[PDB]
Each structure stands twice: as structure tokens, then as C-alpha cells.
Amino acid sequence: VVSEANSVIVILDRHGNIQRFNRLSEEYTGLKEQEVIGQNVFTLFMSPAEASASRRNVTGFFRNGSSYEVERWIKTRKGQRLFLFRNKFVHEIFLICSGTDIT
């Protein structure tokens, strides 16, 4: 393998359903992209409190959002890890979430 990425890159629709899920996301979670496409990111990867906040953010973003950053605790194969997500529309029906593990 020539190189590796440094970010967890997840693309979502307005419902939080997953459209793409990169290799580092697979490494953190133990789940393959093919296993998670169409699945809901909030219920799959967040505690109830984080999911509720995150779902409201995404729904609000699709209404009138500008690109933004947020910190989210995420359930991984070694417990919860904190990520900075840089979120923006595709250059709109999909949201690109560009995450760094900031734990």
C-alpha cells in the first residue's frame, strides 16, 4: 500500500444515511463500506445524546446551513473517540463529513 489517509471521510444524505465510508472509517469501526451504505450514521456510531444533537445539526444544515466544524464523540472498536468533523455540502443532497481523531 503506497500511502494512507489521515481522516475519516463519510458522506451522508439529509437523513444521516451513509453514502460513502472510507478505509480509515473501516479501520476504526470494523465495518466495511459495503456493510454501512444506506445505514443511519447516528444510531450506528453515536450515543443517544450525541445522536440527538447530531441529527438536529444535519437536519438544520440541510435547511439553511453554511459549512461548519463540530466535535462529536464516536463509537469505535476501542470505545468512544472524539472527532473534529469539517462539514460541507458537495459542490445539494449530500453532506461531506471530513473527520480527524482529536482524542
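In case it trips you up, residue 1 is the first one in the sequence shown, and so on.
According to the PDB entry, the deposited sequence contains 4 to 9 residues between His91 and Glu92 that lack coordinates.
Look at the mean CA B-factor for 94 to 102 and for 1 to 9 in the entry; the higher one is 1 to 9. The mean Cα B-factor in the deposited entry runs higher for 76 to 84 than for the other of 19 to 27 and 76 to 84. Of the candidates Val58, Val41, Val70, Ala49, it is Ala49 whose Cα B-factor is highest according to the PDB record.
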